[PDB]
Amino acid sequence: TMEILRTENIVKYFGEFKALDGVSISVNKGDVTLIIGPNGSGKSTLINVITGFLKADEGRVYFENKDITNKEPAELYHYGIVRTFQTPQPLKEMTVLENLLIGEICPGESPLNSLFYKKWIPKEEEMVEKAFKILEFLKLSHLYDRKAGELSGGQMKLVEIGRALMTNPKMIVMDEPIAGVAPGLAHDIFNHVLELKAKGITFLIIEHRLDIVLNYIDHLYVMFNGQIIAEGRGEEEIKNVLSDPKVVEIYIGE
């Protein structure tokens, strides 16, 4: 079992505010890693540093040991690191298939980036074969021509994961993919995550808390004030963590 991603004492300031105070995490290939913590604890910031949206002021980030510290999304895409993005409104006017194909212009970048650089949605062989192979995986093949806006919220979320898959990634990073969903949808999204894990794909996900999808998590990290305050590897440890007095205290009123 090998480590696929590690961060070493990542520090990030926003003015005089230290958002990340020396965060060192480790993700192993295939692990569904979840980072939780109260709002403002620095989870999105950590992920933004790891995925090229923010530079680390101090610290190193390694993907397969290759120092990827501070590389933009366009470069990280070549390394096999992708991020899921929320679907912009205009993409909801495009078909499910177009939603998967538009990522070939600005690969690994925000959909707005791709949507604004698009002359005509690419329709090449290997591309369409990839898209349809992904639609089969998500069991959304018959929806290929349906406008993204007419999909259920949950089907739209699967399509967002589908876009990330277009880039044939090694690691998919998701910032709060199941925020606000009902238990059934949370299970649905996470069932597909498990299926993707079986194919060797690694997941680094952020969620506010952990409950419904508890048994889907291989590795857990709890953040607070830009620092890692707890960690669990495995069902029992993860359950210990969630019941940790100090962990529930940071959740008073949240």
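Just count from 1 along the sequence shown to find any residue number.
Student: Return whichever of 98-106 and 156-164 has the greater mean Cα B factor according to the PDB record.
Tutor: Looking at the record's C-alpha B-factors, the answer is 98-106.
Student: If you average the CA temperature factors over each stretch, which comes out higher, 176-184 or 144-152?
Tutor: Result of the comparison: 144-152.
Student: Based on what the PDB entry reports, which of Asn65, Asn225, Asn39, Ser44 has the top C-alpha B-factor?
Tutor: Going by the entry's C-alpha B-factors, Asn65 comes out highest.
Student: Among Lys133, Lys170, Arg83, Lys92, where is the Cα B factor highest in this entry?
Tutor: Comparing C-alpha B-factors across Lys133, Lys170, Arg83, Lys92, the maximum falls on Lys92.
Student: Splitting the chain's C-alpha B-factors into thirds, which one does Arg209 fall into?
Tutor: Its C-alpha B-factor belongs to the middle third of this chain's values.
Student: Where does the C-alpha B-factor of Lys246 rank in its chain, lowest, middle or highest third?
Tutor: Within its chain, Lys246 is a highest-third residue by C-alpha B-factor, going by the deposited values.
Student: Lowest, middle or highest third: where is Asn215 by C-alpha B factor in its chain?
Tutor: As the PDB entry reports it, the C-alpha B-factor of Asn215 lands in the middle third of its chain.
Student: Sorting the chain's modelled residues by C-alpha B-factor, tell me whether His192 ends up in the lowest, middle or highest third.
Tutor: Its C-alpha B-factor, which the entry lists for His192, ranks in the lowest third among residues of this chain.
Student: Taking the values exactly as deposited, rank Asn70 by C-alpha B-factor within its chain and report the matching third: lowest, middle or highest.
Tutor: Its C-alpha B-factor belongs to the highest third of this chain's values.
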